[PDB]
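Participant: Build the 3D model from these lines:
(chains A, B, C, D, E, F, G and H)
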Amino acid sequence: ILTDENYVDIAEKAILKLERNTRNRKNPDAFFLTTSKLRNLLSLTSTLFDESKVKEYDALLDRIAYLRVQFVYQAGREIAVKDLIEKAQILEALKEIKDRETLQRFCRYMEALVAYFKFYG
Amino acid sequence: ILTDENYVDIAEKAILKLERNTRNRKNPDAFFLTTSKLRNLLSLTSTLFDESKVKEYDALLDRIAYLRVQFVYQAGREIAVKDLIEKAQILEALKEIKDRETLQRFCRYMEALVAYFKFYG
Amino acid sequence: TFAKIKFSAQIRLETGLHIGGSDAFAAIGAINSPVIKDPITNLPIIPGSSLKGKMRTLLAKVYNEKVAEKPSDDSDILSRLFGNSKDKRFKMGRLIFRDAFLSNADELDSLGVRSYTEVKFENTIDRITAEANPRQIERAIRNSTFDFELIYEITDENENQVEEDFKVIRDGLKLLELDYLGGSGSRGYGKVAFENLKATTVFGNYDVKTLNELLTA
Amino acid sequence: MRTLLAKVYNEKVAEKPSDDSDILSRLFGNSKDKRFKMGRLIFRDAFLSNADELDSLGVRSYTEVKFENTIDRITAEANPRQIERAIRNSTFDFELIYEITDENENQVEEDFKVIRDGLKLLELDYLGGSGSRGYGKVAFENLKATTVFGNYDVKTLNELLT
Amino acid sequence: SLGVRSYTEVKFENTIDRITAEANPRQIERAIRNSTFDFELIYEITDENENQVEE
Amino acid sequence: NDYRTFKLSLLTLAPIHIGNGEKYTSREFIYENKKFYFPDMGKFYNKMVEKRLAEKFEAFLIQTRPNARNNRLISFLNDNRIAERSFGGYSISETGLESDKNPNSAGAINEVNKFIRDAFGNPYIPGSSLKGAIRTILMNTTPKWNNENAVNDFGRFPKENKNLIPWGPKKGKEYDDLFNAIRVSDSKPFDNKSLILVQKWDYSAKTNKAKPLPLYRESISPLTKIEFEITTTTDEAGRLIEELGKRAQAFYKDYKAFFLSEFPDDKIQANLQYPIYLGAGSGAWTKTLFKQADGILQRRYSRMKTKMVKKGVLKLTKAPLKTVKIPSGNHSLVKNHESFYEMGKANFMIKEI
RNA sequence: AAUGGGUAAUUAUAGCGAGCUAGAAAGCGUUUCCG
RNA sequence: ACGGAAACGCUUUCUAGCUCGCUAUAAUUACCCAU
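Facilitator: Numbers count the residues shown, from 1 in each chain, chains lettered A, B, ... in the order given. Provided below are the atomic coordinates:
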């Protein structure tokens, strides 16, 4: 669950809980999750955040249900993405996405994940 | 039947109902359905999902009727595919595929089946 | 005296070009790297930005001594036609690259065409251990002919050069045939021909009789 | 449309919009003249006419986003742009209020040589945004003049808008 | 209910100075379109009108 | 003007299959005459619904027979008297070496692959496929890239260091990117009639019988001339392309040293030009910088399809026998009878402009 | 031994995610009625 | 017989100039299975 107050510090604490590359101490603290892998998940959400500002919710919810396909498929393979969606509660946040304000909150919640990934990188 | 809201959690509950390899407990919980077998069914649907975005429905419905050939032929042999199309209501979903929105829904419904197969594997 | 000069060339492919975009909600086991389409007709198009980005960056090795680090450092024969934002008098210079959409909609048909964009499966093979990594990218098909619509713009500053500023257009229409018009370029992907160029005067009553015959050599 | 018409009717390079000639300033208005304020033309914002005709066709959203990286010149890097622009065959209702003041005299027919030519340069140059990379190509269709305020006859004028 | 978060839009404009081509931006605030304002014009009748209440 | 092109005249001396990632299954082709026919199965289904056979046709695709020719699509035509060609028109001829030579099993092939095509239907060899063959030659015959490569540094060993040839934008420093300056173009679209649909034959050292295999790749017939334009810009990528006559032979001489030793010389054939291996054929030692992959490569197949105790298995076909007769006398083109070629063995010669 | 079948992997990977110019500029700051 | 009366916050102004969705990438690997 994430509200309009806490959808950022949940996303900050999520990135800090991503377990680093403790192996191979040359250039340490790198994440198993990589940048271009995470942007694939953002490009999904950062085209619904645009269309939610223009369209209504009911003419848009077909692409919203396909996020639950994509966030599982991108995490079902290449296990470092599964490390994200279990720690950052992505699949639980898609359970509560019933309105445009929450659609614009989760699509903005993903942008906080990309922000602190780039900051703590 | 599957609508724009429920075409994913039906597909999630379908994969969980696939009976595992309860025999041969070394590396357990493997499915009788395999990955490269399922991708043969997806490559059928994930080339109509491309052409539906470009072409109309009426100049495309010849390949749609041949899905009912393929999903029966691929399941008439090698019975683990028949375990899929009876549990995941594939042949019932092809009865209601009268429009581009439903064509893009079933072809997207198959992608949720491949997603949770890879995730629960 | 003010005049506008239009160039109605025809961009005909030989190897299919891939001016990409990104359909963000693509599919699994489908095209994960599409081409940019026309948003209504869903025909593949060539934007003017992919043309202007390949006209300039191939004429910046030929008509540019003291090779430029930035596009602002082009040596003021190239900036006179391609614009230069770091200059008092070269901003928006004299060329407009209109988008080349599609011409042969029904000449590709009656050759046998399912879709106007083909799909190519491509497989990054890992050298060690022979791992496979497939990808599916779209291409505009082979005999697709596009509508090149470059527009020149004559002021009273142009005097003697007018005609100097077409050999750079003619060579930009020639240095690109030796290259690829965008694309996953190294392998095929836009070895393209610029057929039957024609300059006309669409405003201001300027003569192009001596101007056309230097575009046919 | 002023700067396109500025390149035709000035006879010297106007460094200001006030330095445009007396045929531009009595249409688009001038602030330094106490005689050419309250300029003759009134341009209204154009809205989507065919929002229903773009519906029931192959497009869904009325804006498409174009992905447009640059390439660095010596190191060949990339910097991706996402420039939103309207879709291809959007049709916009355009209206062009002209005000026949009693000081107009015989200039009414001279202005329509200028406005039509301003509508003919916009069909050659672009309209807003990155115009040397596409993004322009405006076609003005169904050009016709009607009198929204009384006592003028446009019967011998709609042939100029052929 | 025709979702508008603030009743005044902010329009961004600029100016292209001639001969140098350097823009000069501007942010002017405008009330949005389907705002409906209530207008009350009051014509007062006295004995000094004398058949001028239709002219 | 820094560009300088080449003409790689690729001459197929072997069945060469390329691409398309999809396959005609069984019951999707009719063996009517001594030539195959691959219909449009959506167009085939629409005519047959109009001939009122759709319930019989789905009942046809579920029941198997002890015979095999009655489990192909031609039996559904003869049991219901279909008398038209008229479908999605694509047909190739055959040789008799596709199926088992014995007549009873003839025409009972299954699961053919497809060859890569444009949207017109005319096949071609793409430039992306020909460039991957060049890269392995340029991998294995440099002494600087064939080093102790494939450092994993994490997890499992199969991760090749792809950041060993510079290819990225590489910020700060100047963009070199050798393989951007090697620009392989596509083929000319050739004709369907040079397609013969060979099958894969496995051959090991022990168990000297060459076992059949149900791959049925529609391959290019040998002795077909295909040209390629390869344009190179810089000097370093300029020099590595005319050198290929000394690079591809040095590759194949190092590749004759093992996996083309320990075999009879009957199955292996001569070169007669500069040798090269296109896709979908002899793999994992041609699609591989092979010195550092031998120990590592066999880890992936501790399975039922187990890669052998030796390096690998020879990949063979059965294609019709042809000769070139270019030297003094007819060049015999094999060293055996019974029509064995090795799959993917191509040959070229290179020339500027 | 013949017969009849193919089967299993990967389904894109890594990078960039916008940069720089302008950020308002010219006028009018009370006029008329009035002593 | 209102510190009142008459008075448009208004005229002029393109969100514009420069910018390649590009870079590397053989649809390939393995050789059996059923009785």
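
Participant: Just give the closest residue to the residue sitting furthest away from the middle of chain C, not the sequence neighbours.
Facilitator: Relative to the centre of chain C, the most outlying C-alpha is that of residue C:129, 39.9 Å out, by Cα atoms, centre = their mean. Leaving aside its sequence neighbours, residue C:129 sits nearest to residue F:158 (Cβ to Cβ, 6 or more residues apart in numbering or on different chains; 3.8 Å). In this view, the C-beta of every residue, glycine as well, is placed from N, C-alpha and C.

Participant: Please tell me how far the one you found sits from chain A.
Facilitator: Distance, residue F:158 to chain A, using Cβ to the nearest Cβ, to the nearest Å: 14 Å.

Participant: How about residue C:55?
Facilitator: For residue C:55 relative to chain A (Cβ to the nearest Cβ), the value is 30 Å.

Participant: how far off strand D:63-67 does the helix or strand hosting that residue point, in degrees?
Facilitator: Using DSSP states H and E, residue C:55 falls within helix C:48-59. Interaxial angle of helix C:48-59 relative to strand D:63-67 (axes from the mean of the first three to the mean of the last three Cα atoms, to 10 degrees): 20 degrees.

Participant: that older thread, if I've got this straight, the residue nearest to residue C:129 is in a helix?
Facilitator: No: Residue F:158: not assigned to a helix; according to DSSP: H, G, I helix; E, B strand; the rest coil it is coil.

Participant: Contact partners for it?
Facilitator: By Cβ atoms under 8 Å, 6 or more residues apart in numbering or on different chains, the contact set of residue F:158 is C:126, C:128, C:129, C:131, F:150, F:152, F:296, F:299, F:300.

Participant: swap in residue C:93?
Facilitator: C:79, C:80, C:81, C:82, C:83, C:84.

Participant: try it again with 6 Å
Facilitator: Applying Cβ atoms under 6 Å, 6 or more residues apart in numbering or on different chains to residue C:93 gives the contacts C:80, C:81, C:83.

Participant: Show me which residues of whatever helix or strand residue A:16 lives in are buried.
Facilitator: Using DSSP H and E, residue A:16 sits in helix A:9-17. Buried residues in helix A:9-17, counting neighbours by 16 or more other Cβ atoms under 10 Å in any protein chain shown, are found at A:10, A:11, A:14, A:15.

Participant: which residues in chain C form helices?
Facilitator: Taking DSSP state H, the helices of chain C run over residues C:48-59, C:79-82, C:164-175, C:209-212.

Participant: right, so of those helices, which gets closest to residue F:111?
Facilitator: Of all the helices of chain C, helix C:48-59 sits nearest to residue F:111, with 41.2 Å by Cβ to Cβ.

Participant: contact partners of the lengthiest helix in chain A?
Facilitator: Ranked by residue count under DSSP H, the longest helix found in chain A is helix A:100-119. Contact partners of helix A:100-119, identified using Cβ under 6 Å, 6+ apart, comprise A:2, A:7-8, A:11-12, A:15, A:38, A:42, A:45, A:48-49, A:52, A:57, A:88, A:93, A:97.

Participant: Buried among the residues you listed? Make that a PyMOL selection.
Facilitator: PyMOL command restricting those to the buried ones, with burial defined by 16+ other Cβ under 10 Å:
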select buried, chain A and resi 2+7+8+11+15+38+42+45+48+49+52+88+93+97
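
Participant: Distance-wise, check residue C:46 relative to residue F:223.
Facilitator: According to Cβ to Cβ, to the nearest Å, residue C:46 and residue F:223 sit 39 Å apart.
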